[PDB]
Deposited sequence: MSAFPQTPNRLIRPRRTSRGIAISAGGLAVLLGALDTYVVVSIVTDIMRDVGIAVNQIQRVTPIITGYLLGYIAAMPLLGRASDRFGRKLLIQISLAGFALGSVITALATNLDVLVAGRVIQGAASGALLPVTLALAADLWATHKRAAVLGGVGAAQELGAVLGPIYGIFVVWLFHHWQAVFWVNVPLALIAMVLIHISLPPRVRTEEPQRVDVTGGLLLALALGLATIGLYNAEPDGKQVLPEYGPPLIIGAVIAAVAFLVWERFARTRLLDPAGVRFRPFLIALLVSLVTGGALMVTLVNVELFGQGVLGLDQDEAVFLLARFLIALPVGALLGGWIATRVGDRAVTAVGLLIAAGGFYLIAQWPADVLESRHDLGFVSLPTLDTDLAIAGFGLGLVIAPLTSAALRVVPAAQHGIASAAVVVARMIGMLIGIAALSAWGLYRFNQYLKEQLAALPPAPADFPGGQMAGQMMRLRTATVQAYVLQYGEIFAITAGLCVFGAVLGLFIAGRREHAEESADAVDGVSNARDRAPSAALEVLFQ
C-alpha cells in the first residue's frame, strides 16, 4: 500500500520547511550588509517568522480536517515559495519581515499536517514509529538549516540564494506530494484568528534579545495574551463551529500530553540559550564556536525521535515518555556539574573515557528526542479522526510556546539568583590582588570580572538542576498519558 511512499513525500516537505527555520542564523551578517543595518534591531527576521509559524498553525491544522492534507501541504509549499521570493526581493527590512512571516506561517503547517497524515494512514498501535520519522525529519532539518545556509552562499555568494533555492525545492516537493498522497465546508475561522492573536501576543511579549528578561513591551502583551485566550475560550462556547470539537475527546490525557510537550519545549530552549551563553561567558568562545557546542545536543534529538517512536510501538507511550524524560533529566543533572574547564574533562568509565561536554549534551538531547513521537502518539490516541489536524497543531504549539515560557521563567529566576550569588562573591573574594599587572584599577576590574564569572557558574548550576527536576516532573506526568 502506498502509505509509505505518501509519508515519505510529506516528510521531505517537513524537512524542507525545517531548514528554513534557523537558516538565518548563518546569514544574519550578509543580510545586515545588504539591508543596511549596523552592528541588533534585526530580530523581526526571527520573531516575525516565529509569529507566522506559531500563530497560523492551529487554524491551518484545522483546515486540513476539512480540505484534506494534500491540498494544505501544496498551499503551504506554494506559500513557502512565495514568502521566500518576497524575502529575496527585499531591499528593505520591512519586506524581509513580511516574507519571513509568510514563510513561517507556511512552514508551520507542514509538520502538524504531516503528523496528521501519518495518523490517517496508520492505526495507533504501529503509528508511533511513523510519527518518529516525521518528527525526526523536523528535528534534523532544524539542525541542518544553518549548514544549508552556509552551503548555498558558498555556491551562489549571495544570501538571497537561500530563498531562491527554496522555490525549485518547493516545486519539487509539490511534485512528489502531487503523485504520492491520497487524492480527493467551514472551519472555526473566528476562534482560529482569536487563538492566533493570543499566540502572537504571547510570542512577541516573551521573546527577548541586562537586569531585565522581558522587553518593556512584554508584560502588557503577555497579560493581553491571557485576555485574548479567555476571549477565545468564551467565543467557542457560543460558536456553532469549534476549532477542536470536544465530542469524544478525553481531555485529561490530552491536556497532560500538551503540558508535558510544553515542559519538553522549555528544556530544549533552556539548553539552546544557556549552553551557548556558557560558551561565550565562561569558556571564552566566539559566538560561532559557542553555537557549535550545541551540535551533540542537536544531533541527538532526531536520533531519539526516530528510535523512541519504534520503541513506543512495543512498550507504550507512557513508558517511553517517562524513561526518555528521565534520560533527559540525567543529562541535565550532568550539565549542572560543568566546571569552567569542562572542555578538558572526561567521564572515566575505568577502562574507557568519554568527553564530558559532548556526552552530557548527547544524553540530554537523546532523552528529549525519545519523547517527541510518543507524546504526539498519545495526543492523537484520544481524539477522533478529523480532529487529527487541530490535535497535531496543539502538540506542536504547546512545545513552541513552552520554549518561550521556559526561557522567560528560568531566566527570571536565574537572574534573581545570579545577583544574590554576586553579593556572595564580591563579599568573599580577596578584596584586592597583591601586584596586579596594570595597577590597582586593573586588579579591581579583574575582581569584578572574577565575581561575575563565579556567580554566573553558580547560576548555571541551579538552572539545569531545576531543568532536571522539571523533566522528572514531566516524566511522572508521562504516566498519566493515554494508553
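- No C-alpha positions are given in the record for the deposited-sequence stretches 1 to 16, 56 to 58, 204 to 209, 235 to 237, 512 to 543.
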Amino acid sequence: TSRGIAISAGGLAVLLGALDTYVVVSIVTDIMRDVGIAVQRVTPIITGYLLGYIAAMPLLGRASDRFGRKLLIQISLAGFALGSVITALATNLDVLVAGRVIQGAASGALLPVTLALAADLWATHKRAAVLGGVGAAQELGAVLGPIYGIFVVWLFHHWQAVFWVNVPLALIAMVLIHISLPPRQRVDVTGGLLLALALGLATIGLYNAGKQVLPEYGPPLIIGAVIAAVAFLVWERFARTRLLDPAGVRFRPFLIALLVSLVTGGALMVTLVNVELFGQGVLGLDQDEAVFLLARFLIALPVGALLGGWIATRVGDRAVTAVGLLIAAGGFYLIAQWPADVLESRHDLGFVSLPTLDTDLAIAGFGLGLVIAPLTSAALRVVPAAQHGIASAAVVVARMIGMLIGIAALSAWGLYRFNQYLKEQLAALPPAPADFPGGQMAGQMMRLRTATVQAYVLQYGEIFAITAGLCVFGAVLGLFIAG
From here on, numbers count along this sequence of modelled residues.
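- In this entry, 154 to 162 has the higher mean Cα B-factor, the comparison being between 252 to 260 and 154 to 162.
- Between the stretches 344 to 352 and 307 to 315, it is 344 to 352 that shows the larger average CA temperature factor.
- Which of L325, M403, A88, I363 has the largest Cα B-factor in the deposited entry comes down to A88.
- Ranked by Cα temperature factor within the chain, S411 sits in the middle third according to the deposited record.
- When the modelled residues of the chain are ordered by C-alpha B-factor, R399 sits in the lowest third.
- Among all modelled residues in its chain, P183 ranks in the highest third by Cα B-factor.
- In the deposited entry, the Cα temperature factor of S64 places it in the middle third of its chain's modelled residues.
- Among the modelled residues of its chain, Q287 has a C-alpha B-factor that falls in the highest third according to the deposited record.
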